[PDB]
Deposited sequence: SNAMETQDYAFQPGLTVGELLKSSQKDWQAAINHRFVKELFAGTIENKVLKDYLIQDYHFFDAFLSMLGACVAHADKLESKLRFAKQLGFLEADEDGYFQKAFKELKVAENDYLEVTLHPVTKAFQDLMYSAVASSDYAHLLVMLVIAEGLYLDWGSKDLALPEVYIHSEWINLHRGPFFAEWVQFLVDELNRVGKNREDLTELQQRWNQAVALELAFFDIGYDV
């Protein structure tokens, strides 16, 4: 009975039941509230974005592994489209945000990885190493679906670019239809759930933990 910004369907609907407390805590996190308000401190957003750019590095790799291992050309093409979008608009945002926050290249590329970032990369790269489209989709449905869920909150957008654009990259019809594609794909291939569910639960917990990094 929990409503989400996407339509979970069968397998994703099942997977979601065990992660509800963490999922709701993540989308209602102080980070999200302060980002929408425009009140989030620069030092908090900066620390989050530096770590998130390392998440982004592994996230790109998971998308690439889906192009590599998906079973349908139509699906490979959709991942390819998303990769093009991410290189233009999302990497463009990171570059602009780092410039605004006065972070030199070496200080966003050559970083101490927070333990949560390290845990996430390990889990993301084990999905890559599995060469298993369903394991990759678990990670991606969570990363993108949970971000759509907070991104689509009914709160007025903040004024400053570094705030509004991070919301906008995770909101609106294009991103919503992308998330529904990922969900549809996990439902298609998932109807296989113990190891998928254990991965799912851990990844939702890490999404929640990630929002505390900057605080």
(message) I have the full deposited sequence and the modelled structure. Can you tell me which residue ranges, counted from 1, have no C-alpha coordinates?
(response) 1-5, 197, 199-200, 224-225
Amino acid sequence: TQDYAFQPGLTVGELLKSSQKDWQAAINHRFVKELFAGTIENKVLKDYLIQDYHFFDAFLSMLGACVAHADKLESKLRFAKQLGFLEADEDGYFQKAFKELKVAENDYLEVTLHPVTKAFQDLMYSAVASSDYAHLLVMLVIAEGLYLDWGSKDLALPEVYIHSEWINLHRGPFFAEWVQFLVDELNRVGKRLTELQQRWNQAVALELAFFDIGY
From here on, numbers count along this sequence of modelled residues.
(message) Mean CA temperature factor from the deposited coordinates, higher in 101-109 or in 68-76?
(response) 101-109
(request) Look over 77-85 and 110-118 in the entry and identify the one with the greater average Cα temperature factor. (result) 110-118
(message) Per the entry's values, where does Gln202 land by CA temperature factor relative to the rest of its chain, in the lowest, middle or highest third?
(response) lowest
(request) Name the third of the chain's ranked CA B-factors that contains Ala26, choosing lowest, middle or highest. (result) middle
(message) Ranking the modelled residues of this chain by C-alpha B-factor as given in the entry, is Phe211 in the lowest, middle or highest third?
(response) middle
(message) Sorting by Cα B-factor within the chain, modelled residues only, which third would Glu185 end up in: lowest, middle or highest?
(response) lowest
(request) Can you work out whether the C-alpha temperature factor of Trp166 puts it in the lowest, middle or highest third of the chain? (result) middle
